[PDB]
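Inspection log for the structure reproduced underneath, given as structure tokens.
Here the chain labels run A, B, C, D and E in written order, and each chain numbers its own residues starting at 1.
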Amino acid sequence: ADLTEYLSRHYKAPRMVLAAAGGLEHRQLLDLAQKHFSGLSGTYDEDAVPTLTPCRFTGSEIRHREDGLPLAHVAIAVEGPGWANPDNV
Amino acid sequence: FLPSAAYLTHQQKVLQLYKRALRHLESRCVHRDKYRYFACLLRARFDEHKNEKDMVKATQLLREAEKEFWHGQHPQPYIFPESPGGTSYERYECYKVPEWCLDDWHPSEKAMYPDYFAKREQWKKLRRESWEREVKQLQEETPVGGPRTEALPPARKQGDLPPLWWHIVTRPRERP
Amino acid sequence: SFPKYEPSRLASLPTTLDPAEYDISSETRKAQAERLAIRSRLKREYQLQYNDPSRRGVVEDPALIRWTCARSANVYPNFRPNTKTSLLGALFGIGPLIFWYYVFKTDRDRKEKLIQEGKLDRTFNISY
Amino acid sequence: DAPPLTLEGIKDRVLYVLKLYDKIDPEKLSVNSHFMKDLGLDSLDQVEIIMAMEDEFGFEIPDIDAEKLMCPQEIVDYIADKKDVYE
Amino acid sequence: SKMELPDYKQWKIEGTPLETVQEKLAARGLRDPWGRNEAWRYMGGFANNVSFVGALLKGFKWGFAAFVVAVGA
């Protein structure tokens, strides 16, 4: 039931992309997508729209002391800039 | 928080926003011509992306719209002098007497207004005459094991009155 | 464009910028359906026992009765003397009393000593 | 401050302000019409119409109703409810 | 109970702030207003309701005549 809820709430038409790359023309792809993807979705279960929340970066450390290992892994990280800003580049 | 269903919808939510912003734009804008200009401007701003097949970007634009609205509301939104919040808010409630009274009068004054009390008595016999069978059978007849709605069906059966109508019909006249 | 409306214990958070209203999961739909069902059944019981033409008295709400009996008579049971209860009891019950006590001692000892000197303005102070 | 409203009069005033509105016609402007079926105009300008009635007569109507008027006859019925129109 | 209905297609809007704001919104490229409503607010016994210092200078119409007569007194 939860699987069917997830399938219902996130396999929706407008959010998703069909894209092809290779030696083929756009008309063929558009017509085949018209003949097959006409009829997936477009409306939610009583408008239960999933929506992003811009979350918060905490900054902390979790250290898993486990000495019976040959090498040690460290990951250090800071804030992400985002996408559309050129600070990305 | 509404009697019909469990929520408004997306559509009516956007709609109530449009009503509120247009009303606040009245309350901001005197002289009525620049009002008319800015109203058509606002309608165009909603016309820019009315036709999104997307939904999640639409509701995100709804939230950012609410931010730029609530930043730009008015200190006195123009409430009408009939609405709650407004200047009236049951202003002439001094005389909004319920009609379970007027039968507890001395029969001198029941002699002062005779025809009215005769027809009022046949009203009460109309009420009690169809109170038990039709009304309570229509209430315990139709719904589910829980009622789960706040509407109620009419009396389409044959004849007499729709159920539970007395305090709907017999109300004050809102200007006595 | 806006510092996102910090709330308070006085400023209510309005209906619009929650922003929890836009994360509609199925649990919120389920909760709103059941909450409408509860309001439906209570208005049904109330309206049927509100429109009876024989019903002379009042409709006698158990909600108001339950609130009142919770508010007054269901205090003293139940209770245990906690650190918070005893601390706030001796603070807000004895603190102001003992404070006002010392300040009236101070004002009275001033005025007694001062008219014991005799240099007060009681040249005509009859209405004592 | 009470000029008496009446059913013919409220019908005439509401149809006067609908007829004054731009993108409809005075031909296919019926009392039993629709704001959804036959005039074909959208929900947006439908609530512009609701705004016109509120701003003419002087009182709000709530949004529990502005979902669901969608025809001029029920407009006249609903101001008949708010005003209790008999002399 | 009669009202006789001072009727439509009579307003014909043309009232100069509404017509010029339909000009400005025409250059804006919208051209879809509410319309011919407010000409009863923009003509009739209306339509250049007088400017503000006119109401203050309204006094000496019968005024200066009486003042010159009392000067002659």
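Here is the rule we use: a contact is a pair of C-beta atoms (placed from the backbone, for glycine too) under 8 Å apart; a residue touches a chain by one contact, two chains touch by 3 or more.
Undergrad: Touching both chain D and chain E: give me those chains, sorted by label.
TA: For chain D paired with chain E, the chains in contact with each are B, in label order.
Undergrad: Tell me which of B-D and A-B has more C-beta pairs in contact.
TA: B-D
Undergrad: If you average the CA atoms of chain A and of chain D, how many Å lie between those two points?
TA: Comparing mean C-alpha positions, chain D is 48 Å from chain A.
Undergrad: Could you please state the distance in Å, as a whole number, between where the Cα atoms of chain B are centred and where those of chain C are centred?
TA: 33
Undergrad: Provide the C-alpha centroid distance between chain A and chain E, rounded to the nearest whole angstrom.
TA: Spacing between the chain centres: roughly 62 Å.
Undergrad: Hunt down the residues of chain E that sit against at least two other chains at once, touch-wise.
TA: Expected reply: 32-34.
Undergrad: Which positions in chain B touch two or more other chains at once?
TA: 7, 43, 59 - these are the residues of chain B that touch more than one other chain.
Undergrad: Identify all positions of chain C at which a residue touches two or more other chains, and write them in rising order.
TA: Residues 19, 22, 29 of chain C touch two or more partner chains.
Undergrad: Can you list every touching chain pair?
TA: Once each pair is checked, the touching ones are A-B, A-C, B-C, B-D, B-E, D-E.
Undergrad: Sort out for me which residues of chain E touch chain D in the complex.
TA: Counting only chain E, the residues touching chain D are 1, 3, 5, 7-8, 11, 32-37.
Undergrad: Spell out the residues on chain D that touch chain E in their complex, using ranges where they run on.
TA: Touch residues, chain D against chain E: 4, 6, 9, 12, 16-17, 19-23, 26, 48, 52.
Undergrad: Mind pulling up the chain D residues that touch chain B in the complex?
TA: It is residues 2, 43-44, 47, 50-51, 54, 58-60, 63-64, 66-67, 82-84 of chain D that touch chain B.
Undergrad: Which residues of chain E touch chain B in their complex?
TA: Those residues of chain E that touch chain B are 17-18, 21, 24-25, 28, 30, 32-34, 38, 41.
Undergrad: Could you pull out which chain C residues touch chain B in their complex?
TA: Interface residues on the chain C side: 1-2, 4-5, 14, 16-17, 19, 22, 29, 32-33, 35-37, 39-41, 43-44, 47-48, 50-53.
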